[PDB]
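S.K.: In the working numbering, each residue's number is its place in the first sequence (first place is 1) plus 377. Where is the CB? At the ideal position from N, CA and C, for every residue including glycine.
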Amino acid sequence: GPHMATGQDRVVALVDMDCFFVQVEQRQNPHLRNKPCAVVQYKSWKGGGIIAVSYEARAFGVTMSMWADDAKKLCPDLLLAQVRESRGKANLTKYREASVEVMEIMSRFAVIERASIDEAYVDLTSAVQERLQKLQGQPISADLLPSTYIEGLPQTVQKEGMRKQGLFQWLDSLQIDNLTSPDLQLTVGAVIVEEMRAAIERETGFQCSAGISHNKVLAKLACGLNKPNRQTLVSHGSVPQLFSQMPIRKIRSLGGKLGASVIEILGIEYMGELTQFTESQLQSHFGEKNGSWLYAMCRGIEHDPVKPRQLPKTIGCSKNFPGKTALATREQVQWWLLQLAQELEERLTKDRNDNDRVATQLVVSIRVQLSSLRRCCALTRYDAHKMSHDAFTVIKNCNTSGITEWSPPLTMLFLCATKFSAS
DNA sequence: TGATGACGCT
DNA sequence: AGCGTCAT
Ligand SMILES: Nc1ccn([C@H]2C[C@H](O)[C@@H](COP(=O)(O)OP(=O)(O)OP(=O)(O)O)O2)c(=O)n1
Ligand SMILES: [Ca+2]
Ligand SMILES: [Ca+2]
Numbered sequence: 378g379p380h381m382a383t384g385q386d387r388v389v390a391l392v393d394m395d396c397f398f399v400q401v402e403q404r405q406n407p408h409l410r411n412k413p414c415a416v417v418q419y420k421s422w423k424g425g426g427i428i429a430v431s432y433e434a435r436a437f438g439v440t441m442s443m444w445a446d447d448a449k450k451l452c453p454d455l456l457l458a459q460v461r462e463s464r465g466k467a468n469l470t471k472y473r474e475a476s477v478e479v480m481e482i483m484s485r486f487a488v489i490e491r492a493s494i495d496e497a498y499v500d501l502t503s504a505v506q507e508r509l510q511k512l513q514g515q516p517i518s519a520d521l522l523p524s525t526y527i528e529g530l531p532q533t534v535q536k537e538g539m540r541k542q543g544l545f546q547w548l549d550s551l552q553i554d555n556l557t558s559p560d561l562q563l564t565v566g567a568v569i570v571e572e573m574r575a576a577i578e579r580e581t582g583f584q585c586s587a588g589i590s591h592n593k594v595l596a597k598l599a600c601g602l603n604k605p606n607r608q609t610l611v612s613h614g615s616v617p618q619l620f621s622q623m624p625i626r627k628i629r630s631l632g633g634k635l636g637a638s639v640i641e642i643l644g645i646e647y648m649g650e651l652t653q654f655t656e657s658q659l660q661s662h663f664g665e666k667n668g669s670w671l672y673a674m675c676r677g678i679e680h681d682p683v684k685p686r687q688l689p690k691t692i693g694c695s696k697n698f699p700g701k702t703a704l705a706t707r708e709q710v711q712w713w714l715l716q717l718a719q720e721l722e723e724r725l726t727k728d729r730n731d732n733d734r735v736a737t738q739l740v741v742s743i744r745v746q747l748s749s750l751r752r753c754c755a756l757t758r759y760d761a762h763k764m765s766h767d768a769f770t771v772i773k774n775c776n777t778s779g780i781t782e783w784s785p786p787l788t789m790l791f792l793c794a795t796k797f798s799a800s
């Protein structure tokens, strides 16, 4: 009826860097540019663990979480860049700093929510209203949308041909007369995101993709539809067809046990199928919150706000100790707690200088031969010896060894600074 | 054979 | 508070 909310109130984008760590390394080392290449951590174990892959290497079947020695079997000419190691562990500072470059650029356009090291949500509703005012109600030219795909359109034989036919159908259909058409608002949003992505590339060298829609889940889904170096507009109207063959697990938060249970309990495969169930039925199976969430989401509606948050809320350091490397002496545990604590102290001091805040809680987490114990103590001083001494103090009792020895051995250590306050 | 980070439940 | 889920 005239009172059925359609979840078209906002314009939300999700901007995600293409093969991010790989681009960081390629910018640094021009010999890696436009080549099959990957970023690896820890060279000794099977050439190291692949944690990022260029699109060129992806064409050979190289993936994340593959051992480099194995990746080389698929791609003999694969080039590799190694993650920095400091104090005996992988150190991700280069990637965090590149991340800050990008986030700082996006923050000029609109308030952002840092969703991860290489992606951010953007609420463009106000920016769109304003840009709609700045225009004299002039039509939107395709030239303003050079890398934009309109999902579901068109309805030639080469990719760019298709892209342009879809875009032309979209723009030809557009009611630029009313400033309150959600489709018009999304289109202006897409123009702004073209501008943002251009500024990111110009000012960092980094390419990215984006999704533009009415909420975060649709924006995120849209982003991945046409990668790399392209952006995708998913309109409200596109949702029934898009979801009609969209596996449940592709939607953010449904990739795990809950999505599996949706599939198993309801006996469905695709997002669209969820529409067959009453809100009450879905709530009965998956709980009040999840139920309402699913009922709205399968109709393309979601209300989770883009949160005004550009900085991580926690600062952490962890190290696994697999197999025979598991820690078995107290001196070992103490030494590694110290390495972790020294990295953490460096990052915390930098953080306090840049961001005018101080962490107040230290979380210590271990695994014994995914977390054997998690204990918190006060963080009152940015001092590595104190933090590691305190960590030790709070995991001390875990040692079942009556004997200078640690039993069972520890296969993971984790230090996390949390509960920031202004300073 | 990894290193992170946000948020939900009780 | 501690533990779990989901994700990059
Ligand atoms: N399990 C993972 C996933 C990602 N990353 C790091 C390396 C990635 O380069 C960066 C961003 O991850 P994405 O999942 O966005 O993947 P990419 O940016 O590498 O590729 P795409 O272009 O597919 O987004 O985070 C990681 O360390 N461990
Ligand atoms: Ca990415
Ligand atoms: Ca990402």
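1) Any heavy atom of ligand 3 closer than 7 angstroms to the CB of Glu-496?
2) What is the residue span of the alpha helix (DSSP H) that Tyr-672 lies within?
3) Would you say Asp-395 touches ligand 5, meaning its beta carbon is less than 7 angstroms from a heavy atom?
4) Tell me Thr-470's beta-bridge partners as DSSP assigns them.
5) Just to confirm, does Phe-486 get its C-beta within under 7 angstroms of one of the non-hydrogen atoms of ligand 1?
6) For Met-648, which of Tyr-672, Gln-403, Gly-633, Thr-706 has the nearest alpha-carbon?
7) So is the beta-carbon of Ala-429 under 7 angstroms away from any non-hydrogen atom of ligand 1?
8) Just checking my contact of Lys-593 with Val-389 at CB under 8 angstroms: how many whole Å lie between their CB atoms?
9) At a cut-off of 7 angstroms, would you count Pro-413 as near ligand 1, judging by its Cβ distance to the nearest heavy atom?
10) Between the segment 396-416 and the segment 446-459, are three or more C-beta pairs nearer than 8 angstroms?
11) What's the C-alpha gap between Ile-527 and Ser-442?
12) So is the beta-carbon of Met-441 under 7 angstroms away from any non-hydrogen atom of ligand 1?
13) Quick one: does the C-beta of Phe-398 sit closer than 7 angstroms to a heavy atom of ligand 1?
14) In the DSSP assignment, find the unbroken beta strand (DSSP E) run with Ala-429 in it and report its ends.
15) If I'm right that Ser-586 touches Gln-622 with Cβ under 8 angstroms, what's the distance once you round it to whole angstroms?
16) Quick one: complete alpha helix (DSSP H) runs, 4+ long, within the segment 632-656?
17) Hey, how far is the Cα of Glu-641 from the Cα of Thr-383?
18) Kindly indicate which residue of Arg-579, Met-573, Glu-578, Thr-581 has the alpha-carbon position closest to the one of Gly-588.
19) Tell whether a beta-carbon distance below 8 angstroms holds between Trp-713 and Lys-696.
20) Hey, how far is the Cα of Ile-678 from the Cα of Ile-427?
21) Got a sec, what are the start and stop residues for the alpha helix (DSSP H) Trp-783 sits in?
22) Could you please give me the residues that DSSP links to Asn-697 through a beta bridge?
23) Around the C-beta of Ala-755, are 16 or more other C-beta atoms found within 10 angstroms, so that it is buried, or is it exposed?
24) According to DSSP, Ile-489 sits in a beta bridge with which residue or residues?
25) Could you tell me whether the segment 675-692 touches the segment 491-502, where touching means 3 or more Cβ pairs closer than 8 angstroms?
26) Taking the DSSP output, what are the residues bridged to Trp-713?
27) Measure the Cβ-Cβ separation of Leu-544 and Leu-522 and say whether it is below 8 angstroms.
28) At what residue ranges does the segment 722-790 contain a whole run of the beta strand (DSSP E), taking only runs of 3 or more?
29) Out of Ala-445, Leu-469, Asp-495, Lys-690, state which residue places its alpha-carbon closest to the alpha-carbon of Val-479.
30) Give me the residue from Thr-691, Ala-703, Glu-708, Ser-748 with the minimum Cα distance to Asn-732.
31) Relative to the C-alpha of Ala-705, which candidate in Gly-632, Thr-726, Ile-780 has its C-alpha closest?
32) Considering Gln-459, what are the terminal residues of the beta strand (DSSP E) in which it resides?
33) Under three-state DSSP, which class holds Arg-686?
34) Mind checking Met-483: buried by the 16 CB within 10 Å criterion, or exposed?
35) Below 8 angstroms, how does it come out for the segment 595-608 and the segment 414-421: are there three or more Cβ pairs, yes or no?
36) Would you call residue 336 buried or exposed, if buried means 16 or more other Cβ atoms sit within 10 Å of its Cβ?
M.R.: With the structure as the only source:
1) When distances are taken from the beta-carbon of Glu-496 to the heavy atoms of ligand 3, the shortest one is below 7 angstroms.
2) Judged by DSSP secondary structure, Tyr-672 falls within the alpha helix (DSSP H) whose first and last residues are 665-674.
3) Among the ligands modelled here, namely ligand 1, ligand 2 and ligand 3, ligand 5 does not occur.
4) Answer is none; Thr-470 lacks a bridge partner.
5) Checking the Cβ of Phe-486 against ligand 1 gives no.
6) Selected option, being the one with the closest Cα: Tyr-672.
7) With a cutoff of 7 angstroms, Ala-429 counts as near ligand 1, since its C-beta is closer than that to a heavy atom of the ligand.
8) Separation of the CB atoms of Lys-593 and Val-389 is rounded to 6 angstroms, and the pair is thereby assigned contact status at 8 angstroms.
9) No, ligand 1 has no heavy atom inside 7 angstroms of this Cβ.
10) Yes: at least three Cβ pairs fall under 8 angstroms.
11) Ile-527 and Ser-442 have their alpha carbons spaced roughly 32 angstroms apart.
12) Under cutoff, so the answer is yes.
13) Correct: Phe-398 has its Cβ closer than 7 angstroms to ligand 1.
14) Start and end: 426-430.
15) Contact between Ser-586 and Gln-622 fails: their C-beta atoms lie close to 22 angstroms from each other, not under 8 angstroms.
16) Taken in chain order, the unbroken stretches of alpha helix (DSSP H) that lie wholly in the segment 632-656 and span 4 residues or more are 634-643.
17) Taking the straight line from one Cα to the other gives about 28 angstroms.
18) For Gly-588, the nearest C-alpha among the options comes from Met-573.
19) For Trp-713 and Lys-696, yes; Cβs fall inside 8 angstroms.
20) Approximately 37 angstroms, taken between the alpha carbons.
21) Careful: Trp-783 lies outside any alpha helix (DSSP H), inside the beta strand (DSSP E) at 782-799.
22) Paired residue(s): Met-789.
23) Its Cβ having fewer than 16 others within 10 Å, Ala-755 is exposed.
24) Paired residue(s): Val-499.
25) The segment 675-692, when compared against the segment 491-502, does touch it at the 8 angstroms Cβ threshold.
26) According to DSSP, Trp-713 shares a beta bridge with no other residue.
27) Yes, these two residues count as a Cβ contact at 8 angstroms.
28) Within the segment 722-790, the complete beta strand (DSSP E) runs of at least 3 residues are 734-745, 750-755.
29) Among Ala-445, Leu-469, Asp-495, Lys-690, the Cα nearest to that of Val-479 belongs to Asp-495.
30) With distances taken between Cα atoms, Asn-732 lies closest to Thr-691.
31) Closest option to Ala-705, Cα to Cα, is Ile-780.
32) Per DSSP, the continuous beta strand (DSSP E) segment holding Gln-459 begins and ends at 456-459.
33) It is a strand residue.
34) Looking at its Cβ environment, which holds 16 or more other Cβ atoms inside 10 Å, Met-483 is buried.
35) The segment 595-608 makes no contact with the segment 414-421; the number of CB pairs closer than 8 angstroms stays below 3.
36) Given that the chain is displayed from residue 378 to residue 800, the structure contains no residue 336 and the question cannot be resolved.
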